[PDB]
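*Asks:* File follows, protein.cif with mmCIF, C-alpha atoms and all ligand atoms:
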data_entry
#
loop_
_atom_site.label_atom_id
_atom_site.label_comp_id
_atom_site.auth_asym_id
_atom_site.auth_seq_id
_atom_site.Cartn_x
_atom_site.Cartn_y
_atom_site.Cartn_z
CA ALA D 1 20.20 13.48 54.73
CA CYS D 2 17.66 12.99 51.94
CA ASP D 3 17.11 9.61 50.33
CA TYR D 4 15.67 11.55 47.38
CA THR D 5 16.39 15.20 46.65
CA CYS D 6 13.96 16.84 44.22
CA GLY D 7 15.23 20.34 43.60
CA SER D 8 15.10 21.67 47.15
CA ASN D 9 12.52 19.17 48.44
CA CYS D 10 13.85 16.45 50.75
CA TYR D 11 12.29 12.98 50.91
CA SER D 12 13.01 9.85 52.93
CA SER D 13 12.32 6.31 51.80
CA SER D 14 9.31 6.31 54.12
CA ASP D 15 7.91 9.38 52.37
CA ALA D 16 8.15 7.59 49.02
CA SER D 17 6.63 4.34 50.32
CA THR D 18 3.72 6.23 51.84
CA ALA D 19 2.95 8.14 48.64
CA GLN D 20 3.36 4.97 46.57
CA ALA D 21 0.96 3.05 48.82
CA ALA D 22 -1.71 5.70 48.24
CA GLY D 23 -1.16 5.90 44.51
CA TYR D 24 -1.18 2.14 44.06
CA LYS D 25 -4.45 1.74 45.95
CA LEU D 26 -6.23 4.27 43.75
CA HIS D 27 -4.68 2.51 40.77
CA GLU D 28 -6.07 -0.85 41.90
CA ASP D 29 -9.51 0.66 42.51
CA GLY D 30 -9.56 2.44 39.17
CA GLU D 31 -10.00 5.85 40.74
CA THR D 32 -8.21 9.12 40.05
CA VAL D 33 -7.90 12.44 41.86
CA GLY D 34 -6.82 15.89 40.74
CA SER D 35 -7.23 17.77 37.48
CA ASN D 36 -4.50 15.67 35.90
CA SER D 37 -6.20 12.43 36.97
CA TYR D 38 -3.58 10.87 39.24
CA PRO D 39 -2.34 8.23 39.29
CA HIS D 40 -1.89 7.92 35.54
CA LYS D 41 0.42 6.13 33.13
CA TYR D 42 4.01 7.32 32.94
CA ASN D 43 5.24 6.72 29.37
CA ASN D 44 8.86 7.43 30.25
CA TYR D 45 9.47 9.79 27.33
CA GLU D 46 12.67 10.71 29.20
CA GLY D 47 14.01 7.20 28.71
CA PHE D 48 15.08 6.65 32.31
CA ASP D 49 16.70 3.29 33.06
CA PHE D 50 14.41 1.92 35.76
CA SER D 51 15.35 -1.42 37.30
CA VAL D 52 11.74 -2.61 37.43
CA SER D 53 9.56 -3.39 34.42
CA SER D 54 6.74 -1.29 33.02
CA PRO D 55 3.89 -0.33 32.82
CA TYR D 56 4.74 2.70 34.96
CA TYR D 57 2.37 5.05 36.76
CA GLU D 58 3.05 8.43 38.30
CA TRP D 59 1.60 9.84 41.51
CA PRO D 60 2.49 13.10 43.26
CA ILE D 61 4.67 13.05 46.36
CA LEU D 62 4.22 16.22 48.42
CA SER D 63 6.90 18.15 50.31
CA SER D 64 4.30 18.82 53.01
CA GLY D 65 4.36 15.17 54.02
CA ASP D 66 0.65 14.85 53.29
CA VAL D 67 -0.75 12.29 50.86
CA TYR D 68 -1.97 13.80 47.61
CA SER D 69 -5.75 14.21 47.66
CA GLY D 70 -6.36 16.73 44.90
CA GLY D 71 -5.41 20.33 44.25
CA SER D 72 -1.94 21.32 43.10
CA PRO D 73 0.34 18.26 42.53
CA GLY D 74 3.58 20.18 42.93
CA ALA D 75 6.58 19.21 40.82
CA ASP D 76 7.50 15.85 42.34
CA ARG D 77 6.30 12.33 41.55
CA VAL D 78 6.89 8.76 42.68
CA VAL D 79 6.83 6.24 39.82
CA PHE D 80 5.65 2.69 40.54
CA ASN D 81 4.68 -0.31 38.42
CA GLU D 82 1.86 -2.82 38.20
CA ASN D 83 3.58 -4.98 40.86
CA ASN D 84 3.62 -2.03 43.25
CA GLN D 85 7.40 -1.78 42.95
CA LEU D 86 9.02 1.64 43.22
CA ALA D 87 10.75 2.61 39.97
CA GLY D 88 11.96 6.02 41.06
CA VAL D 89 11.28 9.53 42.26
CA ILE D 90 11.29 12.25 39.59
CA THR D 91 10.56 15.97 39.35
CA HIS D 92 9.80 18.82 36.92
CA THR D 93 12.11 21.03 38.98
CA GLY D 94 15.29 21.77 37.05
CA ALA D 95 13.82 20.31 33.86
CA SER D 96 12.70 22.31 30.83
CA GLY D 97 8.99 22.55 30.10
CA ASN D 98 6.98 19.53 31.27
CA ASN D 99 10.00 17.24 31.20
CA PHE D 100 11.28 15.38 34.28
CA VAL D 101 14.70 14.72 35.80
CA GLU D 102 15.35 12.10 38.47
CA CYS D 103 15.66 13.17 42.07
CA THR D 104 19.17 12.58 43.39
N1 LIG D 201 7.54 14.50 30.72
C1 LIG D 201 6.70 13.47 30.68
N2 LIG D 201 5.38 13.66 30.74
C2 LIG D 201 4.65 12.51 30.73
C3 LIG D 201 5.14 11.24 30.66
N3 LIG D 201 4.12 10.30 30.66
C4 LIG D 201 3.03 11.02 30.72
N4 LIG D 201 3.26 12.37 30.75
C5 LIG D 201 2.18 13.39 30.61
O1 LIG D 201 2.28 13.84 29.25
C6 LIG D 201 2.03 15.26 29.15
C7 LIG D 201 3.32 15.96 28.68
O2 LIG D 201 3.02 17.31 28.28
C8 LIG D 201 1.57 15.67 30.54
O3 LIG D 201 0.12 15.55 30.54
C9 LIG D 201 2.27 14.64 31.44
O4 LIG D 201 1.60 14.38 32.70
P1 LIG D 201 2.09 14.99 34.09
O5 LIG D 201 2.29 16.44 33.84
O6 LIG D 201 0.95 14.69 34.96
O7 LIG D 201 3.31 14.25 34.45
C10 LIG D 201 6.52 11.04 30.58
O8 LIG D 201 7.05 9.94 30.44
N5 LIG D 201 7.25 12.21 30.60
CA CA D 202 9.40 13.58 55.20
#
Using the file provided, produce a representation of the structure as structure tokens.

*Replies:*
Amino acid sequence: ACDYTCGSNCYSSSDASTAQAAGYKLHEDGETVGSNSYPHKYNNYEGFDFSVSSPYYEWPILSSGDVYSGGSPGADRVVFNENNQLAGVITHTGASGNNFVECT
């Protein structure tokens, strides 16, 4: 079973932790990758009720299992905070425009 289901993409807790670890390191080093400059601040326009405090940052999580290193980000993202705590896994899949919905 999936710990996080983003549209049709299936992720385990280990997949999320791995992506988060990569995103947080770039965050700490002040580096970004990709045309959308990931990781970057997640403003939470959606108003999701995360259990951890902000600021929030988003980083792509890939269905391929690989760690994001540039190129197409896909529709899924892991959201983490300044304390390197996982806030949630969200996706553009099933959401209108550039909005996000949480992965179930
Ligand atoms: N939907 C959404 N987009 C956000 C949020 N925070 C930042 N963004 C960014 O704001 C713009 C919305 O059009 C995009 O550049 C989007 O980046 P991503 O596409 O990389 O997520 C957020 O909380 N919700
Ligand atoms: Ca996996």

*Asks:* Could the residues of stretch 14-59 of chain D that have an atom at most 10 Å from stretch 83-91 of chain D be listed as a Markdown table, each with its closest atom pair and the distance in Å to one decimal, counting all atoms listed in the file and ordered by chain and ascending residue number?

*Replies:*
| residue | atom | partner | partner_atom | distance |
| --- | --- | --- | --- | --- |
| D:16 | CA | D:89 | CA | 7.7 |
| D:17 | CA | D:86 | CA | 8.0 |
| D:20 | CA | D:86 | CA | 7.4 |
| D:21 | CA | D:84 | CA | 8.0 |
| D:23 | CA | D:84 | CA | 9.3 |
| D:24 | CA | D:84 | CA | 6.4 |
| D:25 | CA | D:84 | CA | 9.3 |
| D:27 | CA | D:84 | CA | 9.8 |
| D:28 | CA | D:84 | CA | 9.9 |
| D:48 | CA | D:88 | CA | 9.3 |
| D:49 | CA | D:87 | CA | 9.1 |
| D:50 | CA | D:87 | CA | 5.6 |
| D:51 | CA | D:87 | CA | 6.7 |
| D:52 | CA | D:87 | CA | 5.9 |
| D:53 | CA | D:87 | CA | 8.3 |
| D:54 | CA | D:87 | CA | 8.9 |
| D:55 | CA | D:83 | CA | 9.3 |
| D:56 | CA | D:87 | CA | 7.8 |
| D:57 | CA | D:87 | CA | 9.3 |
| D:58 | CA | D:90 | CA | 9.2 |
| D:59 | CA | D:89 | CA | 9.7 |

*Asks:* Taking only C-alpha atoms and all ligand atoms and a cut-off of 12 Å, can you tell me which residues surround ligand CA 202 (chain D), written as JSON, numbers by chain?

*Replies:* {"D": [1, 2, 3, 4, 5, 9, 10, 11, 12, 13, 14, 15, 16, 17, 18, 19, 61, 62, 63, 64, 65, 66, 67]}

*Asks:* Nearest to ligand LIG 201 (chain D): which of D:37, D:72, D:81, D:104 is it, counting all atoms listed in the file?

*Replies:* D:37

*Asks:* Using only C-alpha atoms and all ligand atoms, which residues have at least one atom no more than 9 Å from ligand LIG 201 (chain D)? Output them as an mmCIF file with C-alpha atoms, keeping the file's coordinate frame.

*Replies:*
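Wrote it out as result-v2.cif, contents follow:
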data_model
loop_
_atom_site.group_PDB
_atom_site.id
_atom_site.type_symbol
_atom_site.label_atom_id
_atom_site.label_comp_id
_atom_site.auth_asym_id
_atom_site.auth_seq_id
_atom_site.Cartn_x
_atom_site.Cartn_y
_atom_site.Cartn_z
ATOM 1 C CA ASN D 36 -4.500 15.670 35.900
ATOM 2 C CA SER D 37 -6.200 12.430 36.970
ATOM 3 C CA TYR D 38 -3.580 10.870 39.240
ATOM 4 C CA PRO D 39 -2.340 8.230 39.290
ATOM 5 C CA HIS D 40 -1.890 7.920 35.540
ATOM 6 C CA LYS D 41 0.420 6.130 33.130
ATOM 7 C CA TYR D 42 4.010 7.320 32.940
ATOM 8 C CA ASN D 43 5.240 6.720 29.370
ATOM 9 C CA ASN D 44 8.860 7.430 30.250
ATOM 10 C CA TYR D 45 9.470 9.790 27.330
ATOM 11 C CA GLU D 46 12.670 10.710 29.200
ATOM 12 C CA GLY D 47 14.010 7.200 28.710
ATOM 13 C CA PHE D 48 15.080 6.650 32.310
ATOM 14 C CA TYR D 56 4.740 2.700 34.960
ATOM 15 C CA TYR D 57 2.370 5.050 36.760
ATOM 16 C CA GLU D 58 3.050 8.430 38.300
ATOM 17 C CA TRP D 59 1.600 9.840 41.510
ATOM 18 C CA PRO D 60 2.490 13.100 43.260
ATOM 19 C CA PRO D 73 0.340 18.260 42.530
ATOM 20 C CA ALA D 75 6.580 19.210 40.820
ATOM 21 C CA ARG D 77 6.300 12.330 41.550
ATOM 22 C CA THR D 91 10.560 15.970 39.350
ATOM 23 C CA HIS D 92 9.800 18.820 36.920
ATOM 24 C CA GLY D 97 8.990 22.550 30.100
ATOM 25 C CA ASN D 98 6.980 19.530 31.270
ATOM 26 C CA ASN D 99 10.000 17.240 31.200
ATOM 27 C CA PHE D 100 11.280 15.380 34.280
ATOM 28 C CA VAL D 101 14.700 14.720 35.800
#

*Asks:* What does the distance from atom CA of residue D:29 to atom CA of residue D:102 come to in Å, to one decimal?

*Replies:*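 Taking atom CA of residue D:29 and atom CA of residue D:102, their separation equals 27.7 Å.
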
*Asks:* Please indicate the distance in Å from atom CA of residue D:30 to atom CA of residue D:103, rounded to one decimal place.

*Replies:*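 Between atom CA of residue D:30 and atom CA of residue D:103 the gap works out to 27.6 Å.
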
*Asks:* Mind pulling up the distance from atom CA of residue D:80 to atom CA of residue D:8?

*Replies:*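 These two atoms are separated by 22.2 Å.
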
*Asks:* Measuring between all atoms listed in the file, which one of D:82, D:69, D:35, D:6 shows the shortest distance to residue D:22?

*Replies:*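 Residue with the minimum atom-to-atom distance to residue D:22: D:69.
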